[PDB]
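**Student:** Read in order, the letters of the sequence shown are residues 1 to 106 in the entry's author numbering. By construction, the Cβ of each residue, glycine as well, lies at the ideal position given by its N, Cα and C atoms. Please see the structure below; I have some questions.
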Amino acid sequence: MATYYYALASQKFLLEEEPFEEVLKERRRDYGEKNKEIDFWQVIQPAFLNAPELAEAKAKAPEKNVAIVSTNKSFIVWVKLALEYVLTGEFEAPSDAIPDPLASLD
């Protein structure tokens with residue numbers, strides 16, 4: 001099991017008002033340059049948020065949501081600093097509650 005860090009926003013905010021697709025893409029390009037394994041993702045309507053131990057974040061979260069997830073904590077700190085309007089946290093996977101950390105409910 002690895003520790004996954006996340007920043008969670010509403011779909012409206014992270015897909016429409018402040019879309020991150022190019023940020024992620026340019027980061028994939030920098031990783032390709034150095035042959036680094038990709039360790040970050042966008043997950044729309046993440047199934048991780050239905051996990052019993054994230055119930056609090058589920059209560060706080062907008063109904064239609066989306067996360068940037070990464071095993072690199074400092075990336076997520078950077079996303080949080082850049083975006084502001086996000087929930088953040090961490091979890092462990094895979095587990096019974098979180099079989100696939102990247103699974104979408106949508």
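Report the partner residues of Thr88 according to the DSSP bridge assignment.
**Tutor:** Within the sequence shown, the letter at position 88 stands for residue 88. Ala7.
**Student:** Quick check on this structure: which residue in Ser95, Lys80, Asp100 has the alpha carbon closest to the alpha carbon of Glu18?
**Tutor:** The residue labelled residue 18 in the question sits at position 18 within the sequence shown. The shortest C-alpha separation from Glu18 is found at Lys80.
**Student:** Tell me which residue opens and which closes the alpha helix (DSSP H) that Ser74 is part of.
**Tutor:** Residue mapping note: residue 74 aligns to position 74 of the sequence shown, counting from 1. 73 to 83 is the span of the alpha helix (DSSP H), which, as asked, contains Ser74.
**Student:** Is it the case that the Cβ atoms of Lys60 and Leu102 are separated by a distance below 8 Å?
**Tutor:** As a first step, residue 60 must be located in the sequence shown, where it is residue number 60. As a first step, residue 102 must be located in the sequence shown, where it is residue number 102. No.
**Student:** Hey, quick one: how far does the alpha helix (DSSP H) through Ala59 stretch, first residue to last?
**Tutor:** Taking the sequence shown and counting its residues from 1, one reaches residue 59 at position 59. Here the alpha helix (DSSP H) through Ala59 covers 55 to 60.
**Student:** Could you compute how far the alpha carbon of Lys64 sits from the alpha carbon of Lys12?
**Tutor:** Counted from its first residue, the sequence shown places residue 64 at position 64. Counted from its first residue, the sequence shown places residue 12 at position 12. Roughly 8 Å separates the two Cα atoms.
**Student:** Could you give the C-beta distance for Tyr6 and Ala67, rounded to a whole number, given that I count them as a contact under 8 Å?
**Tutor:** Taking the sequence shown and counting its residues from 1, one reaches residue 6 at position 6. Taking the sequence shown and counting its residues from 1, one reaches residue 67 at position 67. The Cβ separation is near 5 Å, so the contact holds.
**Student:** Leaving out five residues on either side along the sequence, give the residues of the same chain with a beta carbon under 8 Å from the beta carbon of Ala55.
**Tutor:** Counting from 1 along the sequence shown, the entry for residue 55 is found at position 55. Once the five neighbours on either side are set aside, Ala55 has no close Cβ partner at all.
**Student:** Who are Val66's beta bridge partners in DSSP?
**Tutor:** Position 66 of the sequence shown, counted from the start, is the residue given in the question as residue 66. Looking at the DSSP assignment, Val66 forms a beta bridge with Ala9, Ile44.
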